[PDB]
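K.L.:
Have a look at the structure that comes next, please.
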Amino acid sequence: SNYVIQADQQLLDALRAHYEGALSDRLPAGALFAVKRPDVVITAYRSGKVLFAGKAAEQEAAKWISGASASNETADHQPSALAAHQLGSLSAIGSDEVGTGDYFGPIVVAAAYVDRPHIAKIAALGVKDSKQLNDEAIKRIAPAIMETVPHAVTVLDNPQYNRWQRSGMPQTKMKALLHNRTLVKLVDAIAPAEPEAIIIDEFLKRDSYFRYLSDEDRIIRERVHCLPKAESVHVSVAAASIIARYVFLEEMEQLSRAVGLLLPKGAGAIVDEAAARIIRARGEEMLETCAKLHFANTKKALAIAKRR
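Residue numbers (PDB author numbering): 2 to 309.
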């Protein structure tokens, strides 16, 4: 019978480092490394699943952890890793957006084209977990990305946001158009080159994405992959996050200078306070230049501006 365990990053590092002669070539999808001992084969996977196979499977698994449970499961491609496996090494466009959940500022869509020969360099600037990085790391890392690799951006400013919103276009459609138009910018800009893949982080079902574009003059469909959590599929998507997050921050700085008041991230209580102060200091109509007006926050803020 086979044995399975869930290893934390520390257990994975140990298993890798322990057995002299770890194999990393021609493995199933998701597999980090494999060990062939006598009467057991060991396979470790990106998700932390670790498979022990052979006669000596229960005893070898017990070398690491207590209460290893037997399992029919086999040392095989992981579904979650079929895309990464196939895609991770291509030359690829990735796209991501930022600012959807912020009361103040635009939605920024960014796309980055990362040709094969530039994958490693971009991976070296430390792009994994582009959500972990604070703003000051975004500021140091993004300019380096932009300078190494072609990219495009589309900023939905607030007056344009508010005007699309009030004509009944939801954030889901906004994002589709912005993604679609940024990809057009980037496909054009790198031509005659052509990306082997184009990867969009999945914010809606793929049926819905394209259905939303059908009025567009120019639709990028050839070789478009919608993918969950796509920044673990290809480095171009992470580089697109980072670039998007950098332009947003710029927009927010410009926008803070124009409004005369520092605009906080998010949609929590300080944003209500900030808006109320804009109202008092600048008129309610200033919000149309800098706020996503349909948010709950506007009504919260109007109340505050009035009370005293």
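Each residue gets a CB set at the ideal place from its N, CA and C atoms; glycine is no exception.
Would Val109 and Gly100 be called neighbours here (beta carbons separated by less than 7 Å)?
P.N.:
As a working mapping, residue 109 is identified with position 108 in the sequence shown. As a working mapping, residue 100 is identified with position 99 in the sequence shown. Taking 7 Å as the Cβ cut-off, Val109 and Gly100 qualify as a contacting pair.
K.L.:
If you draw a straight line from the C-alpha of residue 1 to the C-alpha of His86, how long is it?
P.N.:
Residue 1 lies beyond the residue range present for the chain, which begins at 2 and ends at 309; the question has no answer from this structure.
K.L.:
What residue range does the alpha helix (DSSP H) around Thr183 cover?
P.N.:
To locate residue 183, count along the sequence shown from 1; it is residue 182. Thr183 -> alpha helix (DSSP H) spans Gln172 to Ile191.
K.L.:
I'd like the list of long-range same chain contacts for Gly89, defined as Cβ closer than 7 Å, with 5 residues on each side in sequence excluded.
P.N.:
In the sequence shown, counting from the first residue as 1, residue 89 sits at position 88. For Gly89, where only same-chain residues beyond five positions count, the Cβ hits under 7 Å are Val234 and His235.
K.L.:
If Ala69 sits next to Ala62, beta carbons under 8 Å apart, how far is it from one beta carbon to the other, in whole angstroms?
P.N.:
Along the sequence shown, one-based indexing puts residue 69 at 68. Along the sequence shown, one-based indexing puts residue 62 at 61. Indeed they touch by this definition, with Cβ atoms about 4 Å apart.
K.L.:
Along the chain, where does the beta strand (DSSP E) that runs through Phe34 open and close?
P.N.:
Residue 34 sits at position 33 when you count from the first residue of the sequence shown. Unbroken beta strand (DSSP E) run through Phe34: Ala32 to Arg38.
K.L.:
Can you list, in chain order, the residues of its chain with a C-beta nearer than 7 Å to that of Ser81? Leave out the 5 residues immediately preceding and following it.
P.N.:
Within the sequence shown, residue 81 is the residue found at index 80, counting from 1. The answer, listed in chain order, is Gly31 and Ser48.
K.L.:
Classify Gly106: buried if its beta carbon has 16 or more other beta carbons within 10 angstroms, exposed otherwise.
P.N.:
Here residue 106 corresponds to residue number 105 of the sequence shown, with the count starting at 1. When all chains shown are included, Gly106 counts as buried.
K.L.:
In chain order, what are the residue ranges of uninterrupted alpha helix (DSSP H) at least 4 long that sit wholly in the stretch 105-175?
P.N.:
120-125, 136-149 and 159-166
K.L.:
What does a CB cutoff of less than 6 Å around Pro229 pick up in its chain, not counting 5 residues either side in sequence?
P.N.:
Translated into the one-based positions of the sequence shown, residue 229 becomes position 228. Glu203, listed in sequence order.
K.L.:
Could you tell me how far apart the beta carbons of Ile199 and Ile221 are, in whole angstroms, since I believe they sit closer than 8 Å?
P.N.:
As a position in the sequence shown, residue 199 is number 198, starting the count at 1. As a position in the sequence shown, residue 221 is number 220, starting the count at 1. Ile199 to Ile221, Cβ: 7 Å. Contact.
K.L.:
Using 10 angstroms around the beta-carbon of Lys293, count the other beta-carbons present and answer buried if the total reaches 16, otherwise exposed.
P.N.:
What you label residue 293 is simply residue 292 of the sequence shown in a count that begins at 1. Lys293 should be labelled buried.
K.L.:
So for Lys50, helix, strand or coil by DSSP?
P.N.:
The count along the sequence shown starts at 1 and reaches residue 50 at position 49. If DSSP states are grouped into helix, strand and coil, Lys50 belongs with the strands.
K.L.:
From this set, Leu28, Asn159, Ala245 and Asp14, which residue's C-alpha is nearest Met147's C-alpha?
P.N.:
As a first step, residue 147 must be located in the sequence shown, where it is residue number 146. Nearest C-alpha to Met147: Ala245.
K.L.:
Put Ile66 into one of helix, strand or coil per three-state DSSP.
P.N.:
Taking the first residue of the sequence shown as 1, we reach residue 66 at position 65. If DSSP states are grouped into helix, strand and coil, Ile66 belongs with coil.
K.L.:
Within a Cβ cutoff of 6 Å, which residues of the same chain sit near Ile66, ignoring the five residues on either side of it in sequence?
P.N.:
As a position in the sequence shown, residue 66 is number 65, starting the count at 1. Here the set comprises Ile6.
K.L.:
Could you pull out every residue in the same chain whose Cβ sits closer than 8 Å to the Cβ of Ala84, ignoring the five residues on either side in sequence?
P.N.:
In the sequence shown, counting from the first residue as 1, residue 84 sits at position 83. Excluding positions up to five away in sequence, the list reads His226, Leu228 and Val234.
K.L.:
Per the contact definition of three or more C-beta pairs closer than 8 Å, is the stretch 299-308 in contact with the stretch 124-140?
P.N.:
no
K.L.:
Could you tell me how far apart the beta carbons of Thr155 and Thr183 are, in whole angstroms, since I believe they sit closer than 8 Å?
P.N.:
Residue numbering aside, residue 155 sits at position 154 when the sequence shown is read from its first letter. Residue numbering aside, residue 183 sits at position 182 when the sequence shown is read from its first letter. So it is a contact: roughly 5 Å between Cβ atoms.
K.L.:
Near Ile120, what residues of its chain come up, given a Cβ to Cβ distance below 6 Å and the 5 sequence neighbours on each side ignored?
P.N.:
Indexing the sequence shown from 1 puts residue 120 at position 119. Answer for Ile120: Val236, listed in chain order.
K.L.:
Tell me the residue span of the alpha helix (DSSP H) that contains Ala297.
P.N.:
For the purposes of this step, residue 297 is taken as the residue at position 296 of the sequence shown. Residues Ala297 to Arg308.
K.L.:
Just how far apart, CA to CA, sit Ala239 and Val115?
P.N.:
In the sequence shown, counting from the first residue as 1, residue 239 sits at position 238. In the sequence shown, counting from the first residue as 1, residue 115 sits at position 114. Between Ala239 and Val115, the C-alpha separation is close to 11 Å.
K.L.:
Apart from the five residues on each side of it in sequence, which residues of its chain come closer than 6 Å, Cβ to Cβ, to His295?
P.N.:
Taking the first residue of the sequence shown as 1, we reach residue 295 at position 294. Cβ neighbours of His295 beyond the five flanking positions: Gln166.
K.L.:
Straight-line CA distance for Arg17 to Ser131?
P.N.:
Stepping through the sequence shown from its first residue, residue 17 is reached at position 16. Stepping through the sequence shown from its first residue, residue 131 is reached at position 130. Computed Cα separation, rounded: 25 Å.
K.L.:
Between which two residues does the beta strand (DSSP E) harbouring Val5 extend?
P.N.:
Position 4 of the sequence shown, counted from the start, is the residue given in the question as residue 5. Taken as a continuous stretch (DSSP letters only), the beta strand (DSSP E) holding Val5 covers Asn3 to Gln7.
K.L.:
Suppose you measure from the CA of residue 1 to the CA of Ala76; what does that come to, to the nearest Å?
P.N.:
Residue 1 cannot be examined here, being either before or after the span of the chain that is shown, 2 to 309.
K.L.:
How far does the alpha helix (DSSP H) with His86 in it extend, from its first residue to its last?
P.N.:
Numbered from its first residue, the sequence shown carries residue 86 at position 85. Taken as a continuous stretch (DSSP letters only), the alpha helix (DSSP H) holding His86 covers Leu83 to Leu88.
K.L.:
Roughly how many whole angstroms lie between the Cα atoms of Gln161 and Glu74?
P.N.:
On the sequence shown, position 160 is the one that residue 161 refers to. On the sequence shown, position 73 is the one that residue 74 refers to. If I take the Cα positions, the gap works out to 53 Å.
K.L.:
Using the beta-carbon count (16 or more within 10 Å), is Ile201 buried or exposed?
P.N.:
Taking the first residue of the sequence shown as 1, we reach residue 201 at position 200. It counts as buried.
K.L.:
What residue range is occupied by the uninterrupted alpha helix (DSSP H) comprising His19?
P.N.:
Counted from its first residue, the sequence shown places residue 19 at position 18. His19 -> alpha helix (DSSP H) spans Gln10 to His19.
K.L.:
For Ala277, which residues from the same chain have a beta carbon less than 6 Å from its beta carbon, with the 5 sequence-adjacent residues on both sides left out?
P.N.:
Stepping through the sequence shown from its first residue, residue 277 is reached at position 276. The answer, listed in chain order, is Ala302, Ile305 and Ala306.
K.L.:
Along the alpha helix (DSSP H) that carries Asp208, what are the first and last residues, could you check?
P.N.:
For the purposes of this step, residue 208 is taken as the residue at position 207 of the sequence shown. Counting along the chain, the alpha helix (DSSP H) containing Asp208 begins and ends at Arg207 to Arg212.
K.L.:
Which first and last residues belong to the beta strand (DSSP E) in which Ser215 is found?
P.N.:
The residue you call residue 215 lines up with position 214 of the sequence shown. Per DSSP, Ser215 belongs to no beta strand (DSSP E) and is neither H nor E.
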